[PDB]
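Novice: Taken in sequence, the protein lines are chains A and B. For the first sequence, full-length UniProt numbering gives the first residue as 1, with consecutive numbering after it. For the second sequence, full-length UniProt numbering gives the first residue as 2, with consecutive numbering after it. By construction, the Cβ of each residue, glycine as well, lies at the ideal position given by its N, Cα and C atoms.
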Amino acid sequence: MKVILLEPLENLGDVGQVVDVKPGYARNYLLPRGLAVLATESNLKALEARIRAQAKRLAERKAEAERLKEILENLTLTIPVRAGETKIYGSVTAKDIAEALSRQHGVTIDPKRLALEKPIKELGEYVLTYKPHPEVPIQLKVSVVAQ
Amino acid sequence: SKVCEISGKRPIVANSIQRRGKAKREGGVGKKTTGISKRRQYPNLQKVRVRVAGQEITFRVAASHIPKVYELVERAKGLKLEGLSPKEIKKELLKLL
RNA sequence: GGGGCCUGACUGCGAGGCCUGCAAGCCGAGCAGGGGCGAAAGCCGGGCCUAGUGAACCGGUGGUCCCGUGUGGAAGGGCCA
RNA sequence: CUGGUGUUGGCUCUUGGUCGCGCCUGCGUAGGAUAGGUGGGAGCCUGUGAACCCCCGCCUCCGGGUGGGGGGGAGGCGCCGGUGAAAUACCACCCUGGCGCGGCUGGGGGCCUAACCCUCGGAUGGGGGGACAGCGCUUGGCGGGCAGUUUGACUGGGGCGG
RNA sequence: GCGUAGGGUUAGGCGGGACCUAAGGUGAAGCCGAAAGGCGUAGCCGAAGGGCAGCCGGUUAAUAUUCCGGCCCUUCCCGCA
RNA sequence: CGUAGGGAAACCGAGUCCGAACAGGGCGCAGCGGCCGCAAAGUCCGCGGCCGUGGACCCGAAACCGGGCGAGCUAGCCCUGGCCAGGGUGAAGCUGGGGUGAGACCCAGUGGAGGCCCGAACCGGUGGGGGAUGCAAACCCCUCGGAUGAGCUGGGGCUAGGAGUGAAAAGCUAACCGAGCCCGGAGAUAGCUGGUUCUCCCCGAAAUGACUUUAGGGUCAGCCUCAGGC
RNA sequence: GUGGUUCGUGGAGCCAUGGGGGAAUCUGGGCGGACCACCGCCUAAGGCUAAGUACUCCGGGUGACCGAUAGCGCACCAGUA
RNA sequence: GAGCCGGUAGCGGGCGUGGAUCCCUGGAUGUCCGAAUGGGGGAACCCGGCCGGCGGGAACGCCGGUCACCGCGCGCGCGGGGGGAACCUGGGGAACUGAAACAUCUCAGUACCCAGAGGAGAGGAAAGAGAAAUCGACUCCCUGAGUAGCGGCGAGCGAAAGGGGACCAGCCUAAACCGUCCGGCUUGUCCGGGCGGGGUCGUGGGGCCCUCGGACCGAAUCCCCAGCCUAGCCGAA
Ligand SMILES: [Mg+2]
Ligand SMILES: [Mg+2]
Ligand SMILES: [Mg+2]
Ligand SMILES: [Mg+2]
Ligand SMILES: [Mg+2]
Ligand SMILES: [Mg+2]
Ligand SMILES: [Mg+2]
Ligand SMILES: [Mg+2]
Ligand SMILES: [Mg+2]
Ligand SMILES: [Mg+2]
Ligand SMILES: [Mg+2]
Ligand SMILES: [Mg+2]
Ligand SMILES: [Mg+2]
Ligand SMILES: [Mg+2]
Ligand SMILES: [Mg+2]
Ligand SMILES: [Mg+2]
Ligand SMILES: [Mg+2]
Ligand SMILES: [Mg+2]
Ligand SMILES: [Mg+2]
Ligand SMILES: [Mg+2]
Ligand SMILES: [Mg+2]
Ligand SMILES: [Mg+2]
Ligand SMILES: [Mg+2]
Ligand SMILES: [Mg+2]
Ligand SMILES: [Mg+2]
Ligand SMILES: [Mg+2]
Ligand SMILES: [Mg+2]
Ligand SMILES: [Mg+2]
Ligand SMILES: [Mg+2]
Ligand SMILES: [Mg+2]
Ligand SMILES: [Mg+2]
Ligand SMILES: [Mg+2]
Ligand SMILES: [Mg+2]
Ligand SMILES: [Mg+2]
Ligand SMILES: [Mg+2]
Ligand SMILES: [Mg+2]
Ligand SMILES: [Mg+2]
Ligand SMILES: [Mg+2]
Ligand SMILES: [Mg+2]
Ligand SMILES: [Mg+2]
Ligand SMILES: [Mg+2]
Ligand SMILES: [Mg+2]
Ligand SMILES: [Mg+2]
Ligand SMILES: [Mg+2]
Ligand SMILES: [Mg+2]
Ligand SMILES: [Mg+2]
Ligand SMILES: [Mg+2]
Ligand SMILES: [Mg+2]
Ligand SMILES: [Mg+2]
Ligand SMILES: [Mg+2]
Ligand SMILES: [Mg+2]
Ligand SMILES: [Mg+2]
Ligand SMILES: [Mg+2]
Ligand SMILES: [Mg+2]
Ligand SMILES: [Mg+2]
Ligand SMILES: [Mg+2]
Ligand SMILES: [Mg+2]
Ligand SMILES: [Mg+2]
Ligand SMILES: [Mg+2]
Ligand SMILES: [Mg+2]
Ligand SMILES: [Mg+2]
Ligand SMILES: [Mg+2]
Ligand SMILES: [Mg+2]
Ligand SMILES: [Mg+2]
Ligand SMILES: [Mg+2]
Ligand SMILES: [Mg+2]
Ligand SMILES: [Mg+2]
Ligand SMILES: [Mg+2]
Ligand SMILES: [Mg+2]
Ligand SMILES: [Mg+2]
Ligand SMILES: [Mg+2]
Ligand SMILES: [Mg+2]
Ligand SMILES: [Mg+2]
Ligand SMILES: [Mg+2]
Ligand SMILES: [Mg+2]
Ligand SMILES: [Mg+2]
Ligand SMILES: [Mg+2]
Ligand SMILES: [Mg+2]
Ligand SMILES: [Mg+2]
Ligand SMILES: [Mg+2]
Ligand SMILES: [Mg+2]
Ligand SMILES: [Mg+2]
Ligand SMILES: [Mg+2]
Ligand SMILES: [Mg+2]
Ligand SMILES: [Mg+2]
Ligand SMILES: [Mg+2]
Ligand SMILES: [Mg+2]
Ligand SMILES: [Mg+2]
Ligand SMILES: [Mg+2]
Ligand SMILES: [Mg+2]
Ligand SMILES: [Mg+2]
Ligand SMILES: [Mg+2]
Ligand SMILES: [Mg+2]
Ligand SMILES: [Mg+2]
Ligand SMILES: [Mg+2]
Ligand SMILES: [Mg+2]
Ligand SMILES: [Mg+2]
Ligand SMILES: [Mg+2]
Ligand SMILES: [Mg+2]
Ligand SMILES: [Mg+2]
Ligand SMILES: [Mg+2]
Ligand SMILES: [Mg+2]
Ligand SMILES: [Mg+2]
Ligand SMILES: [Mg+2]
Ligand SMILES: [Mg+2]
Ligand SMILES: [Mg+2]
Ligand SMILES: [Mg+2]
Ligand SMILES: [Mg+2]
Ligand SMILES: [Mg+2]
Ligand SMILES: [Mg+2]
Ligand SMILES: [Mg+2]
Ligand SMILES: [Mg+2]
Ligand SMILES: [Mg+2]
Ligand SMILES: [Mg+2]
Ligand SMILES: [Mg+2]
Ligand SMILES: [Mg+2]
Ligand SMILES: [Mg+2]
Ligand SMILES: [Mg+2]
Ligand SMILES: [Mg+2]
Ligand SMILES: [Mg+2]
Ligand SMILES: [Mg+2]
Ligand SMILES: [Mg+2]
Ligand SMILES: [Mg+2]
Ligand SMILES: [Mg+2]
Ligand SMILES: [Mg+2]
Ligand SMILES: [Mg+2]
Ligand SMILES: [Mg+2]
Ligand SMILES: [Mg+2]
Ligand SMILES: [Mg+2]
Ligand SMILES: [Mg+2]
Ligand SMILES: [Mg+2]
Ligand SMILES: [Mg+2]
Ligand SMILES: [Mg+2]
Ligand SMILES: [Mg+2]
Ligand SMILES: [Mg+2]
Ligand SMILES: [Mg+2]
Ligand SMILES: [Mg+2]
Ligand SMILES: [Mg+2]
Ligand SMILES: [Mg+2]
Ligand SMILES: [Mg+2]
Ligand SMILES: [Mg+2]
Ligand SMILES: [Mg+2]
Ligand SMILES: [Mg+2]
Ligand SMILES: [Mg+2]
Ligand SMILES: [Mg+2]
Ligand SMILES: [Mg+2]
Ligand SMILES: [Mg+2]
Ligand SMILES: [Mg+2]
Ligand SMILES: [Mg+2]
Ligand SMILES: [Mg+2]
Ligand SMILES: [Mg+2]
Ligand SMILES: [Mg+2]
Ligand SMILES: [Mg+2]
Ligand SMILES: [Mg+2]
Ligand SMILES: [Mg+2]
Ligand SMILES: [Mg+2]
Ligand SMILES: [Mg+2]
Ligand SMILES: [Mg+2]
Ligand SMILES: [Mg+2]
Ligand SMILES: [Mg+2]
Ligand SMILES: [Mg+2]
Ligand SMILES: [Mg+2]
Ligand SMILES: [Mg+2]
Ligand SMILES: [Mg+2]
Ligand SMILES: [Mg+2]
Ligand SMILES: [Mg+2]
Ligand SMILES: [Mg+2]
Ligand SMILES: [Mg+2]
Ligand SMILES: [Mg+2]
Ligand SMILES: [Mg+2]
Ligand SMILES: [Mg+2]
Ligand SMILES: [Mg+2]
Ligand SMILES: [Mg+2]
Ligand SMILES: [Mg+2]
Ligand SMILES: [Mg+2]
Ligand SMILES: [Mg+2]
Ligand SMILES: [Mg+2]
Ligand SMILES: [Mg+2]
Ligand SMILES: [Mg+2]
Ligand SMILES: [Mg+2]
Ligand SMILES: [Mg+2]
Ligand SMILES: [Mg+2]
Ligand SMILES: [Mg+2]
């Protein structure tokens, strides 16, 4: 029998995959224990469908991000701070970075997503990964300068 | 030895025929009937315990339409069925046939 | 009884008859086809004779090429042995 | 009573057949040497490092083959002709048989569990049996347990005999 | 002890019920069978078993532990303590 | 239905089939007077005899089958109650004495066991006589068996027809049980027996042969009869 | 493996189905007597549907039907004694 | 339209033109049993719950109403249960007998049992028939025909097409597609179940998509009527 799986089963089939097994195994084991479903027509479309949405949203974000990147990638985040020479007095944080991109360039963001373990303390020209969507990183150059 | 609850099958009556000798096609005189006696042929009925609406439903259905039971089940999802009792969920399914 | 060449221990029929409850069983001249023995006339349709047998139904084998279930074939049959 | 199949599922071992691949293997006069067949076919080889030396398995018709590993590290076999019915470097497609992975099945062993069956003051569950048993279609057998019948005529009465 | 007509059987306590269970019968649940129907814990039905409060005498042509008489008793409803 | 038949058939056709045949054979093929009338193959309805199919001339089985009715008789079991006068023998156990190392065991009293004994009711039915269109479709009298047991018994129940029960006789299952009774299939079948109704008139048999699971029944021939023809 | 049809396994199709395996949507599928092809007919696996047809407890008409052993078992107080 | 209080006279009393008895249609009443159904039950008997009334009425008793089970449908409503002489269809289904024994075979899917239906029941609008290059639902009768065929090819069984008649009639759904209400979790372009639309055929048809064109048929359900039935009346000499 062709069936639809609800939980991946070792050396058998991946979740959502469609396999063909002995009817005894399918109806006295896999269907009872909510472990799979008849590869019918009725609840066969419902599988053909959720793949679309789950493929639609992911495909949506992986584009609502690429849409972002292009926004960045073609600009620079300048941060004025008080400091003498290359070492800063205070510090520039992601939450700081946020204010800027929010302040200038009218963009909103999540600092937690941004890659920056240690809060910046010296000036210079920095490129930092925001990581809004995995496999879809961003390179945002931030010019931290004083005065 | 009864009635399929899904196919309406039922014990029919068949004859038990006893034949002897060589057929013609085998280059023989021909077959000869030595004794005809009524038998009766049963549908291969079996049990089909299923749980529906948190309730166990079991059919005495023939082995042929077994895959129809689950169909009924699968088809019964779109029904107010909680709160009911066994005989109630059976009759509600059968109405789908 | 001996021997020579031979296959009539024929095919296709068969007038007329014995016998006879039916059905069977029996004798059979002669005509053609093709042959055999004979110089020829002629004989030869197994055996000097009278028993050595078994009706139909069903089926087997060879042959015929008659029917072939819309049509051409085949299945399966019928006729001959 | 019994084999096949439906109810009827899961995993592993050991054997059987198959297709899929890595592969390898084939022994007459003759002829370098151990020729599987029909080809394609007069060039193929080496830093995907050569003739030749040694170390392990592999088959060994006792002659070799192949895989290899190190040294060296740049040579070797083709057509040419020897030769036989068929002849060689090389590149495919098929066989011989045999080996390992994968297939898909058939048997046997072992163990599960969830169908099925029995059980449990409690039961969407626990526990034992366990895909056997029970049951359905079917094969073949045993089968006076029951059922329908047959068990001849002539005959100095019938039967025995004939 | 026959034909016609008339009269005669009086119970809160005797027997049976509105009380109970037996074999068996039926039979929510549940199981089974071509139909008819066949099973089946509980429950219900089921007696000459269990349980329950009347003894004596008189009376009538015909009934009485039934009416009468005397002396006892049971259960239920209401009310008081 | 008839007008065309022959052949297994294609198919031919007054011919056709077996066959090489123009051969031989099988089954087949053709009105009366003077156009008329008359007759006829054939066909149609009537009437009559006979035959086939149905109960088929009438009555009769022993039996087979189907669906129902019966355990108020009788057989076994289940539930609940009842009955067994009186007398006789006198087991184990107990008490005591004797007995021994303790015992086993022996005797006397108590005691009251048993498909124990004699004998009524109750249940039975051994032998004899009576009875025999009986008092009685199993009875009467005399004798007899058991009679605290595997006993008898009232009441309520269950088991049935190829089935029930059966201390077993194939006994019983509503007075006949080798498969109950009723009703139906049904008018079963009957090659057997019986029974077959008015009159007169003419003829007038057979009881043989052959075959026949045939021998007391049937098919053909034989012998009888009727109509027409020669 | 059976049943129906004239079809008793027969060459055995067609209609129906108890068991097993198990599709397709007009370029589909069943059929025309095993099977193959050509040619044709039809369009299953849901259902409904008047009249013409059958019977006679009932009422009526009518008989070369009976006339109290006949005619229904009952002409009458009969499914009665 | 003049007698009546049944067959039934009598005793004893009434009624009727102020139209009786009698006949026909509707209505009321209609104890108890019976499918029997409140519960039981050895049918016509026995014992209860609820609401309301009577009696002096609380116990007791009578009166009226209501209370069994099943199916279907959102405790309450519509339906079922049983009977009927045969006739009808479905589920089952013998035997004697015939074959001059008998088993296949026949008797026969008849008799019988069971469920169901109805004034009729079944069948019925071709996935048909079968050789006409044709027929056109089904049912019944004739005929085809004891033909074709079936058969221990024994006894026996026994069609269909076509033709002539009676009657005459054809329809609704399922699926694709549009919409809508509900519920499931695994959140939609989803799946599932209701309802509505649409659609129903074989020269194949239908849906969706464009394009062109925009009244006559008519019920088997409903209504009115004639006609008919269930009592009757006039009727020549
Ligand atoms: Mg069989
Ligand atoms: Mg043959
Ligand atoms: Mg045969
Ligand atoms: Mg199951
Ligand atoms: Mg299957
Ligand atoms: Mg369906
Ligand atoms: Mg000589
Ligand atoms: Mg000689
Ligand atoms: Mg010569
Ligand atoms: Mg002659
Ligand atoms: Mg002769
Ligand atoms: Mg002879
Ligand atoms: Mg000659
Ligand atoms: Mg000559
Ligand atoms: Mg010569
Ligand atoms: Mg001659
Ligand atoms: Mg001789
Ligand atoms: Mg001689
Ligand atoms: Mg002989
Ligand atoms: Mg014979
Ligand atoms: Mg010829
Ligand atoms: Mg043909
Ligand atoms: Mg020919
Ligand atoms: Mg051809
Ligand atoms: Mg050929
Ligand atoms: Mg042939
Ligand atoms: Mg032949
Ligand atoms: Mg198996
Ligand atoms: Mg184990
Ligand atoms: Mg098994
Ligand atoms: Mg079972
Ligand atoms: Mg068998
Ligand atoms: Mg015996
Ligand atoms: Mg035997
Ligand atoms: Mg017997
Ligand atoms: Mg016997
Ligand atoms: Mg017989
Ligand atoms: Mg004899
Ligand atoms: Mg003789
Ligand atoms: Mg003698
Ligand atoms: Mg004598
Ligand atoms: Mg004699
Ligand atoms: Mg003699
Ligand atoms: Mg003898
Ligand atoms: Mg007296
Ligand atoms: Mg008197
Ligand atoms: Mg007098
Ligand atoms: Mg008096
Ligand atoms: Mg008193
Ligand atoms: Mg009392
Ligand atoms: Mg009371
Ligand atoms: Mg009680
Ligand atoms: Mg019962
Ligand atoms: Mg009980
Ligand atoms: Mg009570
Ligand atoms: Mg009592
Ligand atoms: Mg008492
Ligand atoms: Mg008392
Ligand atoms: Mg008392
Ligand atoms: Mg007292
Ligand atoms: Mg008195
Ligand atoms: Mg107080
Ligand atoms: Mg001739
Ligand atoms: Mg002639
Ligand atoms: Mg004339
Ligand atoms: Mg005539
Ligand atoms: Mg005759
Ligand atoms: Mg008859
Ligand atoms: Mg007669
Ligand atoms: Mg008689
Ligand atoms: Mg008789
Ligand atoms: Mg018998
Ligand atoms: Mg018998
Ligand atoms: Mg008794
Ligand atoms: Mg008794
Ligand atoms: Mg006894
Ligand atoms: Mg007792
Ligand atoms: Mg007692
Ligand atoms: Mg005594
Ligand atoms: Mg005593
Ligand atoms: Mg004592
Ligand atoms: Mg002592
Ligand atoms: Mg004593
Ligand atoms: Mg005694
Ligand atoms: Mg004694
Ligand atoms: Mg006795
Ligand atoms: Mg005596
Ligand atoms: Mg005796
Ligand atoms: Mg005596
Ligand atoms: Mg005496
Ligand atoms: Mg005597
Ligand atoms: Mg005597
Ligand atoms: Mg008598
Ligand atoms: Mg006597
Ligand atoms: Mg006496
Ligand atoms: Mg005595
Ligand atoms: Mg005595
Ligand atoms: Mg005794
Ligand atoms: Mg005694
Ligand atoms: Mg006792
Ligand atoms: Mg008793
Ligand atoms: Mg008793
Ligand atoms: Mg009794
Ligand atoms: Mg019984
Ligand atoms: Mg009997
Ligand atoms: Mg009987
Ligand atoms: Mg019976
Ligand atoms: Mg017995
Ligand atoms: Mg009797
Ligand atoms: Mg008797
Ligand atoms: Mg008998
Ligand atoms: Mg008797
Ligand atoms: Mg009857
Ligand atoms: Mg008969
Ligand atoms: Mg007989
Ligand atoms: Mg006379
Ligand atoms: Mg004679
Ligand atoms: Mg003869
Ligand atoms: Mg013989
Ligand atoms: Mg004799
Ligand atoms: Mg004669
Ligand atoms: Mg004459
Ligand atoms: Mg048959
Ligand atoms: Mg055959
Ligand atoms: Mg057949
Ligand atoms: Mg046909
Ligand atoms: Mg099937
Ligand atoms: Mg097509
Ligand atoms: Mg196709
Ligand atoms: Mg078909
Ligand atoms: Mg087919
Ligand atoms: Mg076909
Ligand atoms: Mg066809
Ligand atoms: Mg054909
Ligand atoms: Mg075609
Ligand atoms: Mg057709
Ligand atoms: Mg269709
Ligand atoms: Mg219908
Ligand atoms: Mg109608
Ligand atoms: Mg009609
Ligand atoms: Mg009448
Ligand atoms: Mg008269
Ligand atoms: Mg008369
Ligand atoms: Mg009379
Ligand atoms: Mg009479
Ligand atoms: Mg008279
Ligand atoms: Mg009167
Ligand atoms: Mg008077
Ligand atoms: Mg009253
Ligand atoms: Mg009642
Ligand atoms: Mg009752
Ligand atoms: Mg009240
Ligand atoms: Mg009162
Ligand atoms: Mg009341
Ligand atoms: Mg009815
Ligand atoms: Mg039928
Ligand atoms: Mg039977
Ligand atoms: Mg018979
Ligand atoms: Mg008969
Ligand atoms: Mg006969
Ligand atoms: Mg007959
Ligand atoms: Mg017979
Ligand atoms: Mg006979
Ligand atoms: Mg016999
Ligand atoms: Mg028959
Ligand atoms: Mg029937
Ligand atoms: Mg009924
Ligand atoms: Mg009825
Ligand atoms: Mg009508
Ligand atoms: Mg109808
Ligand atoms: Mg249609
Ligand atoms: Mg004809
Ligand atoms: Mg005819
Ligand atoms: Mg024959
Ligand atoms: Mg027949
Ligand atoms: Mg017709
Ligand atoms: Mg016609
Ligand atoms: Mg008419
Ligand atoms: Mg028409
Ligand atoms: Mg919808
Ligand atoms: Mg189209
Ligand atoms: Mg309509
Ligand atoms: Mg008048």
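Got a sec, what are the start and stop residues for the beta strand (DSSP E) residue 154 of chain A sits in?
Specialist: Nothing about residue 154 of chain A can be reported from this structure: the residues present for chain A run from 1 to 147 only.
Novice: Can you give the Cα-Cα distance for A:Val144 and A:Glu70, rounded to whole angstroms?
Specialist: Those two C-alpha atoms are separated by around 22 angstroms.
Novice: Grouping DSSP H, G and I as helix and E and B as strand, with all else coil, what is A:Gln17?
Specialist: Three-state result, A:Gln17: coil.
Novice: To which residues of the same chain is A:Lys141 closer than 6 angstroms at the C-beta, ignoring the five residues directly before and after it?
Specialist: Closer than 6 angstroms at the Cβ level, and outside the excluded window around A:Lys141, lie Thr76, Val127.
Novice: Anything in chain A within Cβ reach of B:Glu93, meaning under 8 angstroms, just list it in chain order.
Specialist: Those do not exist, as B:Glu93 stays about 18 angstroms from chain A at its closest Cβ, beyond 8 angstroms.
Novice: When you compare each of A:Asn28, A:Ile88, A:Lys62, A:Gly13 to A:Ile138 by their alpha carbons, which one comes out closest?
Specialist: Checked all of A:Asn28, A:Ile88, A:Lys62, A:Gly13; the closest Cα to A:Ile138 is A:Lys62.
Novice: Taking a contact to mean a Cβ-Cβ separation below 8 angstroms, would you say B:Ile67 touches B:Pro87 in this structure?
Specialist: In this structure, B:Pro87 does not lie closer than 8 angstroms to B:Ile67 by Cβ.
Novice: Select from B:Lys10, B:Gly29, B:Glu72 the residue whose C-alpha is nearest the C-alpha of B:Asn45.
Specialist: When each option's Cα is compared against that of B:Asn45, the closest is B:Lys10.
Novice: Show which residues of chain B have a CB atom less than 8 angstroms away from the CB atom of A:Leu38.
Specialist: Correct list: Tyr71, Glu75.
Novice: Check whether the stretch 26 to 44 of chain A touches the stretch 95 to 104 of chain A, taking contact to mean three or more Cβ pairs, one atom from each stretch, closer than 8 angstroms.
Specialist: No: the two stretches stay apart, fewer than three of their Cβ pairs being nearer than 8 angstroms.
Novice: Leaving out five residues before and five after B:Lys39 in sequence, what residues of the same chain have Cβ atoms less than 8 angstroms from its Cβ?
Specialist: The residues are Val14, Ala15, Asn16, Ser17.
Novice: Closest Cβ-Cβ distance between A:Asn74 and chain B: below 8 angstroms?
Specialist: For A:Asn74, the answer is no, since every Cβ of chain B falls outside 8 angstroms of its Cβ.
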